[PDB]
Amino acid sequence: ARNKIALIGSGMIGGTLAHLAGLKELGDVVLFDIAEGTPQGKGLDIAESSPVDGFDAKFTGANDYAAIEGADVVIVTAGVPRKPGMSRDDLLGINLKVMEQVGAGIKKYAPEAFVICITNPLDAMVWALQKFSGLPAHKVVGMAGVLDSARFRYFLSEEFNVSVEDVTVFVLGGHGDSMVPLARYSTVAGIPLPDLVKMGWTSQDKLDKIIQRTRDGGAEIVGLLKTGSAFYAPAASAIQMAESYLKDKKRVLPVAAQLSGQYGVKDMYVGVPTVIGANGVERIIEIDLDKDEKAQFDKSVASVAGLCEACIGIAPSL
């Protein structure tokens, strides 16, 4: 029988996840949304594209959670944006409620799924989502690092004029100010960035500007598109996480995972390097940070706790 992949949210990222899941033959897809028609339409559109490329996959649009029954992977993009100066508490209120509905859906119909959360704000929403759903935490993760890592790698490849395949980056934490990059564990062909700077490939000021561009990467795309946000690279990033699970690949990926002691964090979701295989998060890799790195990490973890506490405020259920 084929793997089944449910996508909870059929907006621009949802649709892109479906298309990539077909192209890559990851299994049958269910596109779920509250909007009537959108998931049916995209699903059929993608299904109609399939003979051109030759992949055999079912695409079902649904407005009911029962459609996701037995899904091997669920990818959650359902939620609302920060439109445009609405409150920070307003946002959390709407998306926490969505995390509660989705969490009930998955618990009922797809309890054994590997769940990948994309909904913002990520570190909090994925934390709310595993509490609300009750799934084992090693089976519920947030996508954030792979995306930041993709942007950073892309910018470095431009800066150095080498393949994106030969750039490696190491990032912890979440997006924006919460990102904690390690330049010293980032490389071209294994040559660490500091050594590349020593050799003149680029300057420290330029590397810093590239790191900042990475922090602001989501907002840059918003600024160019105006009416929506990034969907191609976010979709690609989550599909890479799903693929590592489906194929038991044991990729080492930066993902929002539940820490239970590591880096001195407990009962919370933080962007860390994880090995993702057929049993979800199989190992969380604990590096030995230096004093500056530790400071920035502890600052990032504290900022995420603050958000989680705001969520407990609005939804004390948690």
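Just count from 1 along the sequence shown to find any residue number.
26-34 and 44-52 differ in mean CA B-factor, and the higher of the two is recorded for 26-34. Between 155-163 and 125-133, it is 125-133 that carries the larger average Cα temperature factor according to the deposited entry.
Annotation for 94, 118, 182, 146: 94 ranks highest, by Cα B-factor. Taking the PDB entry at face value, the top CA B factor among 79, 200, 217, 234 belongs to 79. Compared with the other modelled residues of the chain, the Cα B-factor recorded for residue 173 ranks in the middle third. In the deposited entry, the Cα temperature factor of residue 208 places it in the middle third of its chain's modelled residues. The deposited CA B-factor of residue 192 belongs to the lowest third of values across its chain.
The entry lists a Cα temperature factor for residue 253 that places it in the lowest third of the chain's modelled residues. Looking at the C-alpha B-factors along this chain, the one for residue 221 belongs to the middle third.
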